Amino acid sequence: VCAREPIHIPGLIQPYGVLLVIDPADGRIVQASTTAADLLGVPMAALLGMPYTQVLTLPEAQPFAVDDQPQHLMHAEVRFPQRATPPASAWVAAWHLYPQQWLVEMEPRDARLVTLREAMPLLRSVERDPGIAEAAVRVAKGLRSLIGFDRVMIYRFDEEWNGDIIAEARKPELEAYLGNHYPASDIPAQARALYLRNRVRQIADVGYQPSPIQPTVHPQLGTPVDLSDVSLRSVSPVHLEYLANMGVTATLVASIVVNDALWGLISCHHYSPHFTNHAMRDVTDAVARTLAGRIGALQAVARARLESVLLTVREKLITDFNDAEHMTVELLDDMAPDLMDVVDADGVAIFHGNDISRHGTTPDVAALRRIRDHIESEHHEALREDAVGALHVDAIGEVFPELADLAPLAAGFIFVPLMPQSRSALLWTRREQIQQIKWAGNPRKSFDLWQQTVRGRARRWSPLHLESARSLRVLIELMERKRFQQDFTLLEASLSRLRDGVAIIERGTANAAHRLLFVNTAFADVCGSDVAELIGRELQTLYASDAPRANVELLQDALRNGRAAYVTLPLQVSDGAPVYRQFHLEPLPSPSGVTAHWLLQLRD
Amino acid sequence: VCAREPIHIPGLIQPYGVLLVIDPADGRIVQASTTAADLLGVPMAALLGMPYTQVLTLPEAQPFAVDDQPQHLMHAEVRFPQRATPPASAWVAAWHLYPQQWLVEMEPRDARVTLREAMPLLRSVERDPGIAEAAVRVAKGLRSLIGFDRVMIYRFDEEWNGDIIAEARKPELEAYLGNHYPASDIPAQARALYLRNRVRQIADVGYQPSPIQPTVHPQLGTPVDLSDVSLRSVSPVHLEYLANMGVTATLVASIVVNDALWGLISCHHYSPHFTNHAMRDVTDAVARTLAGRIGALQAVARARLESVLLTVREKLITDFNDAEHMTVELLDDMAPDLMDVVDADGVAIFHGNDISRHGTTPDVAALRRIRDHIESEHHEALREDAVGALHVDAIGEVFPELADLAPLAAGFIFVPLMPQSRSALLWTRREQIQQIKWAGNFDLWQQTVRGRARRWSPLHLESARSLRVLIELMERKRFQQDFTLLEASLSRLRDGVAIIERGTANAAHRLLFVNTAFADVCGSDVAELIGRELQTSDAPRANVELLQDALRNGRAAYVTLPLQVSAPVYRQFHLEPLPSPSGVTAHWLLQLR
Ligand SMILES: */C=C/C1=C(C)C(=O)N/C1=C\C1=NC(=C\c2[nH]c(/C=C3\NC(=O)C(C=C)=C3C)c(C)c2CCC(=O)O)/C(CCC(=O)O)=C1C
Ligand SMILES: */C=C/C1=C(C)C(=O)N/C1=C\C1=NC(=C\c2[nH]c(/C=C3\NC(=O)C(C=C)=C3C)c(C)c2CCC(=O)O)/C(CCC(=O)O)=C1C
Numbered sequence: 012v013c014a015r016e017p018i019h020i021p022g023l024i025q026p027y028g029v030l031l032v033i034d035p036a037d038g039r040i041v042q043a044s045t046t047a048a049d050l051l052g053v054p055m056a057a058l059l060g061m062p063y064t065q066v067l068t069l070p071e072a073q074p075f076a077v078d079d080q081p082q083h084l085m086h087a088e089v090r091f092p093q094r095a096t097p098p099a100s101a102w103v104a105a106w107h108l109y110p111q112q113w114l115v116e117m118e119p120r121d122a123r124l127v128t129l130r131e132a133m134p135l136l137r138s139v140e141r142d143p144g145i146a147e148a149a150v151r152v153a154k155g156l157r158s159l160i161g162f163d164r165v166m167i168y169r170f171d172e173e174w175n176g177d178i179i180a181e182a183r184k185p186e187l188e189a190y191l192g193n194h195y196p197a198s199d200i201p202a203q204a205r206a207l208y209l210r211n212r213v214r215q216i217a218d219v220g221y222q223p224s225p226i227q228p229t230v231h232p233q234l235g236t237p238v239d240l241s242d243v244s245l246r247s248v249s250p251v252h253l254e255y256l257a258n259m260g261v262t263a264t265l266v267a268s269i270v271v272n273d274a275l276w277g278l279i280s281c282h283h284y285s286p287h288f289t290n291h292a293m294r295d296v297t298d299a300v301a302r303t304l305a306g307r308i309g310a311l312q313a314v315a316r317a318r319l320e321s322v323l324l325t326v327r328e329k330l331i332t333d334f335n336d337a338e339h340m341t342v343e344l345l346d347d348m349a350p351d352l353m354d355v356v357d358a359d360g361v362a363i364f365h366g367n368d369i370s371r372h373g374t375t376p377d378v379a380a381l382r383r384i385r386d387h388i389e390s391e392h393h394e395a396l397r398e399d400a401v402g403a404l405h406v407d408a409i410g411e412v413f414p415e416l417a418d419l420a421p422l423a424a425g426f427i428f429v430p431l432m433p434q435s436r437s438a439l440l441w442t443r444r445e446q447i448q449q450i451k452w453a454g455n471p472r473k474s475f476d477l478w479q480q481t482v483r484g485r486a487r488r489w490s491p492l493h494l495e496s497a498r499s500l501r502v503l504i505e506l507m508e509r510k511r512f513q514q515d516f517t518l519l520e521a522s523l524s525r526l527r528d529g530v531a532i533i534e535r536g537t538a539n540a541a542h543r544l545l546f547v548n549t550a551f552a553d554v555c556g557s558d559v560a561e562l563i564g565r566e567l568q569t570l571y572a573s574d575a576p577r578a579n580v581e582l583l584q585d586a587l588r589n590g591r592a593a594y595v596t597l598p599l600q601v602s603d604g605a606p607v608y609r610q611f612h613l614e615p616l617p618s619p620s621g622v623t624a625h626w627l628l629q630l631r632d
Numbered sequence: 012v013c014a015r016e017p018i019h020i021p022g023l024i025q026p027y028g029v030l031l032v033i034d035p036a037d038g039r040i041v042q043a044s045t046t047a048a049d050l051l052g053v054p055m056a057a058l059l060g061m062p063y064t065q066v067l068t069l070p071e072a073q074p075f076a077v078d079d080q081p082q083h084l085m086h087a088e089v090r091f092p093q094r095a096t097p098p099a100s101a102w103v104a105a106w107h108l109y110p111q112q113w114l115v116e117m118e119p120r121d122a123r127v128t129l130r131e132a133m134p135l136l137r138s139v140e141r142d143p144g145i146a147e148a149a150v151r152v153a154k155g156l157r158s159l160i161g162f163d164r165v166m167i168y169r170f171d172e173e174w175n176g177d178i179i180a181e182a183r184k185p186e187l188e189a190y191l192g193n194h195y196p197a198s199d200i201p202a203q204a205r206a207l208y209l210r211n212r213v214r215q216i217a218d219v220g221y222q223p224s225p226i227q228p229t230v231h232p233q234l235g236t237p238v239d240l241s242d243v244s245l246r247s248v249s250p251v252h253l254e255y256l257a258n259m260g261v262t263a264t265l266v267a268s269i270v271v272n273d274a275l276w277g278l279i280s281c282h283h284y285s286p287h288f289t290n291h292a293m294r295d296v297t298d299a300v301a302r303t304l305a306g307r308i309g310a311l312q313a314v315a316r317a318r319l320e321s322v323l324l325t326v327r328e329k330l331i332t333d334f335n336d337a338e339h340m341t342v343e344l345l346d347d348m349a350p351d352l353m354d355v356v357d358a359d360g361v362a363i364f365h366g367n368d369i370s371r372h373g374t375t376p377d378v379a380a381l382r383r384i385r386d387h388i389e390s391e392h393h394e395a396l397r398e399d400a401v402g403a404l405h406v407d408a409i410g411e412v413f414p415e416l417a418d419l420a421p422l423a424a425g426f427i428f429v430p431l432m433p434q435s436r437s438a439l440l441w442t443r444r445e446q447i448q449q450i451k452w453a454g455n475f476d477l478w479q480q481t482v483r484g485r486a487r488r489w490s491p492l493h494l495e496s497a498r499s500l501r502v503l504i505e506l507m508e509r510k511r512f513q514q515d516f517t518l519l520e521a522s523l524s525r526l527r528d529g530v531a532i533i534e535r536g537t538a539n540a541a542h543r544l545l546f547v548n549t550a551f552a553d554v555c556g557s558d559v560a561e562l563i564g565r566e567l568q569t573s574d575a576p577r578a579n580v581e582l583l584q585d586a587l588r589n590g591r592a593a594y595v596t597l598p599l600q601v602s605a606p607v608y609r610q611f612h613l614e615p616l617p618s619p620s621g622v623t624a625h626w627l628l629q630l631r
């Protein structure tokens, strides 16, 4: 209900200044705020439709036509040629030039307090600063000394769009808000979007009298005035209520936009009214921009540093695994430190059909089995599909309520393979980590901080670490390939040391012939020519080309139709001696039941 | 080797300003530039050894002792009392405070609404998309701001050579946009310094270099390291080059992105021009905002890409693990994405003597020629030094023998890195011709480069390393296929065979596998007999001893022995040791017909 409000078209202005909407056609004022008549001279009635040029007193810079991209002119000096000695305070005006309309927003110079040159030492220091933490506080303190504001804080948005005050500088008399968590709903998405547009936004006095724009909708277009870039835009009464509720009288926020995303906000509070002149808003913009800059650089650098150390450790594991042929206890005991490190796990369990190799801080062997079963279950087959490369939980008691316990050691885990593939598996665990969420209340009466203690949840699985996990998926197929390769060579060796003389035949196609896949030494000896020089040979090669049509037909039939045949046939005898053997051909069971291979035993 | 020159210790200053080296212990001047005596009242002789307090007075800020980290003070007002009416103009000075020495560098204020006036440009680059659009906005923006005859954005490529991506000039002149320059033009020596001193400036090419009178410190014996001094005399090598291109004044701001040098803001004035501190701090600001934007957009788009690759990587992994039969349609439906995951033009899947060519890839015989050359003994050096996969950006350089093929396989990604064979994957990127606009390697020269593909993205290379699993996946699935084949083969035999696992004297000699023909002679079925000890007296001690003794050493035995049948039944027990990698018998084959 709240996330749906205009806020960019309230048709109201903060009374401290004046707004005018001018038709870029020739120069006539089409819309103006009720405050315009008081300071401009000509009252409301005749001021509307009047050329801006009648009140043309822009000494520094003038507006101009715009093609497509709206150009925004800075705050420069402005006068009034209607009244003799117009106000008491000095006035400055900024332009918002659009292809459809123009907008001029004026406010007092304020003067009083090179203030941009004076900002440079603070900027120059945050630039050099390591860690976001150190920067945040330097800005909080620095800006608190630079600008007046009784309370200045750094509000950081978390993943779920909730906020946390990471830094704060305030008058020792005020009760510190450092460490406070606020819901996402406190700053709705509609709001957040504007903070990427207008980056520095100040409220001079909470509970001001909103000066409305006289022709609410454009008299010639029929559309309301989209402020969005106007600094004198009237903020939502929802926020104003909330502000008044917390006893604040003045505001100034600066958007911490990092990688085109609103990372955080600089939030300033004055418990007495305060207007920050165009000069200071450009200073806070500067310090916001430098902070956004540094926080994003530090993010970038350290993300890259981590990615590399993980890769070097990932490779170390992959190689040492491919090297050793037998998975011993010491291999896995020397593997485990790093196998844990690569994902920042507290424990790791390696499974290999009925066996488990538990390492670090992991639940008991029986408990790990209870987990694996629950994961590989039919009911939980939904999770495995929706999961990316690996299955992972941040709180076990939520995804698998049956495994509500175990959470003290396995609150979070990473399971791979994602398929119910079995034999080889890997379980990375992260033990429970209790969290105190220092709230601000649970429109509301606020103040009172409620400290929500959260059990059964581990540390959030880093996306960096999750792709680092998905990367080691290879250790599973590696284990498996190495196992099948072990039993295969065993059986290939077994087969080759036989006396009966056997060959395996791969069924061909309509353009491919029936070839030999495997042949033992006992078979290759009856054919004279060695084993390696018979593999990949057509079956017609093997028997002589002087054989009876009746006998070969019987065999060819069994090959053509995938049937079995027992036929005595002469062999392709290079020497001469007539050698005849009983050709036992037997179809081997296929999953489709459609013959793919045959076994050929030779004994007459 | 050009970079061998010092450049940070020339012992010379740009004449426009004055330098002084003060003993932070004494408060006295130890070294000073020949220009110091002319500005300051006291001539060189008595100015050397004189306490700094006397000759100059600092109203805004004063120097101080430093523990370890050198502290630098900004440009603030300075007055010289040791002379009656000495201000040729207005003078401003900056400090460089070190634990061993102090350095003060002064220059005129110059004057002529700037830092506030810079803000609209910054705030605009701050939000425009693409590095291209930013580069030009800065080029144009900074030209209007400082007012140099030409402002150009120089981007360093992978091999440290530079290319002008954007340029703003006077309507007249010759455009340098698109021009490529060598790495030799800006030595590593120099580049390192532009991370140190951010904004560098030459007021007049062919100035008279004012030397520091005591060249080496009189008490330390070491020269003055001017790496942070703005009035540092630049290499005559570069000055010659500058004079050769007709430029009279320069200004070069460093585009440092994620603490690394990404580019340079190069400004040329074909008439002399001194850019005061005020402006250098403005160009620094615009350089920092550009760096900022270029690094953000890099970051955003890196993230966007990583995700689309992951979604496609997962699609491949799953569909591969699903299908059991490595069919033609399997690979034909796999290939579009198998190519996409690495942004290849072609992909070849190898499976022992066989190849599955896809996209724009060389002929089957040519692919074999490539694989052989990779798996070679001579090229075993590359495979070790390579990360997770072997990759080339120009095959003709890495594999000179494979100089051709380049039209279709100019670049490739080969996995597995080991001479593992059977399963392999080769990703290809065809040749991409590049027109290189040179500086004269002093007029127009365009170099057309053949035999090189598009640079293998580091993101795509880790995306390749990620699919390493498809190889072990193919392999596991292949061994599993032949295993079941052989397990089925042996079980349909008539001779009656069993495989025996050697018990390491802790465990007995047990049966690993048994066929139906063997399990029938023993009556009881196959699945019950697996895992049972060979111990199955009803037999002569002489005959069993022969069998036991063979098993004992790991030797073979052919002995006729009775059995346990529900008629006694005797069979010739042919035990044969199976080859082990260690050569130490681990299994035996037992056939009995
Ligand atoms: C309807 C939901 C809302 C609840 C509940 C609420 O308290 N406010 C709600 C709506 C809006 N908030 C808007 C802006 C806004 N809210 C905050 C929140 C904080 N500011 C603080 O200083 C602190 C603590 C010190 C908190 C928790 C901020 C910072 C802002 C924007 C700041 C600014 O630019 O002045 C908002 C939009 C109003 C607007 O148009 O600016 C709405 C609708
Ligand atoms: C010894 C090899 C050199 C050749 C050949 C050459 O032409 N110069 C060589 C050496 C040095 N160059 C140094 C600085 C420097 N070089 C360039 C080159 C360019 N300037 C331009 O405007 C363009 C194109 C439009 C090019 C390619 C620049 C800009 C700079 C200054 C870097 C900066 O100020 O940030 C140099 C070091 C001198 C120094 O001490 O500053 C050497 C030795």
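Top to bottom, those sequences are chains B and A. Those letters in the first sequence? Residues 12 to 124, 127 to 455, 471 to 632, per the entry's author numbering, in order. Those letters in the second sequence? Residues 12 to 123, 127 to 455, 475 to 569, 573 to 602, 605 to 631, per the entry's author numbering, in order. Where is the CB? At the ideal position from N, CA and C, for every residue including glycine.
Counting only runs of at least 4 residues, the segment 140-201 of chain A fully encloses the following alpha helix (DSSP H) elements, listed from N- to C-terminal order: 145-160. The distance from the Cβ of residue 443 (chain B) to that of residue 425 (chain B) is about 4 Å, consistent with a contact at the 8 Å cut-off. No heavy atom of ligand 2 is found nearer than 7 Å to the CB of residue 245 (chain A). Here residue 370 (chain B) is buried: its Cβ has 16 or more other Cβ atoms, across all protein chains shown, within 10 Å. Here residue 356 (chain B) is near residue 427 (chain B), since their CB atoms are less than 8 Å apart. Taken in chain order, the complete beta strand (DSSP E) segments of 3 or more residues contained in the segment 372-407 of chain A are 404-406. 521, 522, 523, 525, 526, 527, 528, 530 and 532: these are the residues of the segment 521-541 of chain A whose beta carbon lies less than 8 Å from some beta carbon of chain B, given in chain order. For residue 61 (chain B), there is no enclosing beta strand (DSSP E), as DSSP marks it with neither H nor E. Excluding five sequence positions before and after residue 205 (chain A), the CB atoms of its chain that fall closer than 7 Å to its own CB belong to 275, given in chain order.
Along the segment 282-297 of chain B, going in chain order, the ones with a CB nearer than 7 Å to a CB of chain A are 295. For residue 331 (chain A), the enclosing alpha helix (DSSP H) begins and ends at 291-336. Check the Cα spacing between residue 601 (chain B) and each of B:564, B:64, B:118 and B:555: the tightest is with B:555. At a C-beta separation below 7 Å, residue 508 (chain A) has these neighbours in chain B: 509. Considered as a whole, the segment 216-304 of chain A harbours 263-271 and 274-283 as its complete beta strand (DSSP E) runs of no fewer than 3 residues, in chain order. Taking a beta-carbon distance threshold of 8 Å, residue 399 (chain A) does not count as an interface residue toward chain B. Of all C-beta pairs linking the segment 159-174 of chain A to the segment 319-339 of chain A, fewer than three are shorter than 8 Å, placing the two stretches out of contact.
In the three-state reduction of the DSSP assignment, residue 342 (chain A) falls in the helix class. At a threshold of 7 Å, residue 195 (chain B) does not count as near ligand 2, since its beta carbon sits no closer than that to any of the ligand's heavy atoms.
The three-state secondary structure of residue 121 (chain A), taken from DSSP, is coil.
Ligand 2 has no heavy atom closer than 7 Å to the beta-carbon of residue 173 (chain A).
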